[PDB]
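Single chain ahead, written as structure tokens, the form deposited in one PDB entry.
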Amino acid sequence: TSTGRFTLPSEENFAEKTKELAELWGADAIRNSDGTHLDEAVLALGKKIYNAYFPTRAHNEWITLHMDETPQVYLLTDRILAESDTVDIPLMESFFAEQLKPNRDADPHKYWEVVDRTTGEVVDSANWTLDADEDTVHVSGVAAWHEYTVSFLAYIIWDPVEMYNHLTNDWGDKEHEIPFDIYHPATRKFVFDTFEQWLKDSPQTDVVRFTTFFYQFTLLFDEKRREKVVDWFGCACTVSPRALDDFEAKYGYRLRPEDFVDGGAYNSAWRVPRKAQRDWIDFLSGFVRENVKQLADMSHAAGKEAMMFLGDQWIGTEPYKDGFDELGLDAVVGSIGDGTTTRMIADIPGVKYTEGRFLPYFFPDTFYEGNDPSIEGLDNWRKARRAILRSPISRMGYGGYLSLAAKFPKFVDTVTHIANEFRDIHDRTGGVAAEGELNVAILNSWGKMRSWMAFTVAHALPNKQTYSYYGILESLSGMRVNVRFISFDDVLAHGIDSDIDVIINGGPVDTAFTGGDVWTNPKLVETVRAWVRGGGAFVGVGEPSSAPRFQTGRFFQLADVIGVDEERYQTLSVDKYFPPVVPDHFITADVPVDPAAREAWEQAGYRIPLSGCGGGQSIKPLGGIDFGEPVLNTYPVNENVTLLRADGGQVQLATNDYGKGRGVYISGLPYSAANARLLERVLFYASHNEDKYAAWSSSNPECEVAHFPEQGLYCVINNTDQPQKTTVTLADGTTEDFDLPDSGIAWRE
């Protein structure tokens, strides 16, 4: 009975149950509760011992004596309306005073900017003063009826992880942990000296679990103690006067506070990055990386592993940028939130192994009397499992309080099953990826550096604005294709790699994800058009290839490829003619049929041509597919485009032949089993690979197949908590029928 690949949390006064559960779950590693030297009875088990390290917090005794060395962020004030030629702007009224504090030490006139937001102009620094007695900037000689703001440097006085916990589990009047910035040599020396001593003081730790490193991700709170700004990939909170001044020297130009506050966007990953953002990323990453390497080296010299948590103070690491391997990190561990976040961890190059921390975390918010944590446990396993077959992770484990999980025998038995199943998958496949059946490339401004990081604001929390796009990643995360992320820069520099079958471009207009004005670069349009014409496949979602204003008559610059454009109220004089919808088609074959709606749709018919209204639009909606957020007034560019769904006087789903290749338009794609199948059929259809679809496929969309040619195996998995019957089709055209229980898996030669 398999053992290993499993990390178990421990805690004091819990020797008996720890060994029972380690035995039961086949743990080869134990996570010592933070701080804490652990029970000898636990240490005698001879498991691999994880101890977490918190390098830039939990030492107020240092940082209270060097408060100008805390991390910093540019903050943007509320917009203040001048009603004459003077205006006063309070600095701190919209922000949380327990987290943030204006920096009055570094000359405001050098480091800050007052902006007239109505004109975009910087106000002369001779026209403003910072009040000596309170956090208010006085501006004079400006225009009445304009809005003004200040961008100012703020010390961060409360570490966001310690803060979030405090506020979330109200730890009352417990001391707030103050973060510290290693960019400053005094602090940096304190950090490495402390780490050296801790290494000496921890002979029994096998793995130093850095949780995490030097810089928080963008996270700001308001005066009502709510989250104000968040970007899980953002490096807002990484500046200081010295860092900014060194940057100017090295790069040959001075950043504006505007290059950080970004009009109030705070350099959201959704914004098309410019040179300033790419340069800062590069400057910050060189410095963070140099220092992570030192930590790894020191860990190794002491005989221990270096393991990074993919979260908390992870900024500047850039796990997907070239050179990550140079750090010599042994492992990355992250939170398993779904398939997309499973891949974000799994696909990381340059480490020896990866580790998933599965849900639920062992805490009272889920482990309370009358709750059934086992359901979520299995759910989480199933969403990660489908992804693990496409890109394996090396290890699994859980976090929190063992003594809490131990009170729920059903949950305990569920983990026993998950752990055995994790090891079975690994042992049968040798930890190798399943065969991908097509090569699919997501194209955006960021490319590989943001692999599995697209369409995200906060970690694993899709919302109204992101779910129609995030669903694309979640579908792909466990799909039987090979997925890579590429950038407009890669494409302009090197063309489109010849192994790629399908390119996906998706998002709203004017985001890093669709690409913005890069679509008015004729070389990009030529490259993609030539490639589609020669048998490439282009799948556009939402507002693909969009560029406002460039052409009065063409919003999606590749409207010709995908057969669809969005009306922008500039072309209303042009009657739009919709060809009849094709309801029977390869792409839609697995969509459940609703005869009541189809009948209502067929009875109601198509709008006859009418002046200023065009014609051809179905009077009633066919429906049957959840397309998410609408893209208003999409329409077919000519009548040779194939409309598959065009309900409510606009287009949701369309396909277009373009020379040898095809274009497909999808207006949006929330994740569901049915939509993942829809997407999957789109990939095969657009690449002219219909004849390749059946090999290693499951007839039922609720199940997936993974083929492992090198070990002579395939499996089939049930992605649901319900029994599923399905017919698997093998490469030679043979089939087998399955009856898969709840969350089950079957393996065959």
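Heads up, when I say rigid core I mean the largest set of C-alphas that superpose within 1.5 Å between the two forms. Counting begins at 1, following the sequence as shown.
Colleague: Do a third or more of the other compared entries leave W158 out of the model?
Modeller: No, modelled in all of them.
Colleague: Would you please confirm whether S699 lacks atomic coordinates in a third or more of the other entries that were compared?
Modeller: Across the compared entries, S699 is modelled every time.
Colleague: Do the CA atoms of 317-325 or those of 564-572 have the higher mean B-factor in the entry?
Modeller: Higher mean C-alpha B-factor in the PDB entry: 317-325.
Colleague: Highest mean C-alpha temperature factor of the two stretches 588-596 and 471-479, which is it?
Modeller: Result: 588-596.
Colleague: Among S697, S687, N718, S33, which carries the highest Cα B-factor?
Modeller: Most elevated C-alpha B-factor of the set, per the entry: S33.
Colleague: According to the deposited entry, which of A387, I345, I500, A405 has the largest Cα B-factor?
Modeller: In the PDB entry, the greatest C-alpha B-factor among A387, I345, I500, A405 is found at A405.
Colleague: Test of reading the entry: by CA B factor among the chain's modelled residues, which third contains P701?
Modeller: Its C-alpha B-factor belongs to the lowest third of this chain's values.
Colleague: Using only modelled residues of the chain, where does the Cα B factor of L678 rank: lowest third, middle third or highest third?
Modeller: Answer is lowest: the recorded C-alpha B-factor places it there.
Colleague: Place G534 in the lowest, middle or highest third of its chain's C-alpha B-factors, as listed in the PDB entry.
Modeller: Its C-alpha B-factor, which the entry lists for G534, ranks in the lowest third among residues of this chain.
Colleague: Among the modelled residues of this chain, does the Cα B factor of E162 put it in the lowest, middle or highest third?
Modeller: For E162, whose C-alpha B-factor we compare with every modelled residue in the chain, the answer is the highest third.
Colleague: Quick check on the deposited entry: does the C-alpha B-factor of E526 sit in the lowest, middle or highest third of its chain?
Modeller: As the PDB entry reports it, the C-alpha B-factor of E526 lands in the middle third of its chain.
Only in words, not in the display: the form deposited in another entry, which the text now covers.
Colleague: With the two forms superposed on the core, which of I388, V137, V415, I442 shows a CA shift of 2 angstroms or more between this form and the one not shown?
Modeller: Among the listed residues, the one whose C-alpha moves by 2 Å or more is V415.
Colleague: Taking the rigid core as the superposition reference, indicate whether the CA of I375 shifts 2 angstroms or more between this form and the one not shown.
Modeller: Yes, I375 moves 2 Å or more.
Colleague: At a 2 Å cut-off on C-alpha positions, does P55 qualify as shifted between this form and the one not shown after fitting the rigid core?
Modeller: It does not, since the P55 C-alpha is displaced less than 2 Å between this form and the one not shown after the core fit.
Colleague: Is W158 one of the residues whose Cα moves 2 Å or more between this form and the one not shown, with the core superposed?
Modeller: No, shifts by less than 2 Å.
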